[PDB]
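Worksheet: one structure, shown below.
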Amino acid sequence: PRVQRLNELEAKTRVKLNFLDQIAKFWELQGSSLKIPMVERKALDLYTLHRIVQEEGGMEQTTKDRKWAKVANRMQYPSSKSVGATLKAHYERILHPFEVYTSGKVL
């Protein structure tokens, strides 16, 4: 378990969340904790949260705007600079090594 938050299986929409299992195959030999979105909200929905960040302006431009506070308001987090920085750093470490794929395949 190694319990930080309440989680076990978690995948409401399986085929859409399976996109997170595709990138999990990229982090399988790294051992790094992937598929950890709603670190506060206790559940895990990176798919819909990734659409939110994109409609705010994408992870890169929303970092320049520093609107990660307001991205946290969209799913009703306790909107802190710390909470926004947790989501920011988590996107930075995961998408920037994997953008070798998303460069030509911008989904």
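By convention here, the chains of the structure tokens are called A, B, ... in the order presented, each chain's residues are numbered starting at 1, and ligands are numbered starting at 1 in the order presented.
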**Request:** Find the residues near segment 28-44 of chain A: any atom within 7 Å, counting only C-alpha atoms, skip ones fewer than 5 places away on the same chain, and give them as a list in words.
**Result:**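 The residues satisfying every condition are residues 5, 6, 7, 10, 20 and 77 of chain A.
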Write out, as a PDB file, in the first residue's frame, the residues just selected, with N, CA and C atoms.
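Ended up saving to selection-v1.pdb:
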```pdb
ATOM      1  N   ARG A   5      -2.412   8.525   0.239  1.00  0.00           N
ATOM      2  CA  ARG A   5      -3.823   8.844  -0.071  1.00  0.00           C
ATOM      3  C   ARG A   5      -4.657   7.558  -0.273  1.00  0.00           C
ATOM      4  N   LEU A   6      -5.987   7.733  -0.299  1.00  0.00           N
ATOM      5  CA  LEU A   6      -6.945   6.625  -0.491  1.00  0.00           C
ATOM      6  C   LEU A   6      -7.069   6.276  -1.992  1.00  0.00           C
ATOM      7  N   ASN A   7      -6.437   5.165  -2.399  1.00  0.00           N
ATOM      8  CA  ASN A   7      -6.426   4.707  -3.809  1.00  0.00           C
ATOM      9  C   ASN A   7      -6.041   3.212  -3.902  1.00  0.00           C
ATOM     10  N   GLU A  10      -8.870   2.441  -9.449  1.00  0.00           N
ATOM     11  CA  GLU A  10      -9.204   3.798  -9.948  1.00  0.00           C
ATOM     12  C   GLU A  10      -9.020   3.987 -11.490  1.00  0.00           C
ATOM     13  N   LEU A  20      -3.270   6.796 -19.886  1.00  0.00           N
ATOM     14  CA  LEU A  20      -2.351   6.871 -18.717  1.00  0.00           C
ATOM     15  C   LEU A  20      -1.551   5.559 -18.519  1.00  0.00           C
ATOM     16  N   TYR A  77     -10.095  22.164  -5.429  1.00  0.00           N
ATOM     17  CA  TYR A  77      -8.995  22.003  -4.455  1.00  0.00           C
ATOM     18  C   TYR A  77      -9.034  23.173  -3.424  1.00  0.00           C
TER      19      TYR A  77
END
```
**Item:** Neighbour list for segment 67-74 of chain A as JSON, numbers by chain, cut-off 12 Å, only C-alpha atoms, skip fewer than 4 positions in-chain
**Value:** {"A": [37, 38, 39, 40, 41, 48, 49, 50, 51, 52, 53, 54, 55, 56, 57, 58, 59, 60, 61, 62, 63, 78, 79, 80, 81, 82, 83, 84, 85, 86, 87, 88, 89, 90, 91]}
**Item:** Using only C-alpha atoms: which of A:3, A:46, A:95, A:75 has the shortest distance to residue 19 of chain A
**Value:** A:46
**Request:** Could you give me the residues within chain A that DSSP places in alpha helix (DSSP H), as a ChimeraX atom specification?
**Result:** /A:14-27,46-56,59-65,68-74,81-102
**Message:** Need the shell around residue 17 of chain A: protein/DNA/RNA residues with any atom at most 9 Å away, counting only C-alpha atoms. Skip same-chain ones fewer than 6 positions apart. Format as number ranges by chain?
**Reply:** A: 11, 45-47
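Interatomic distance, atom CA of residue 64 of chain A to atom CA of residue 92 of chain A: 12.4 Å.
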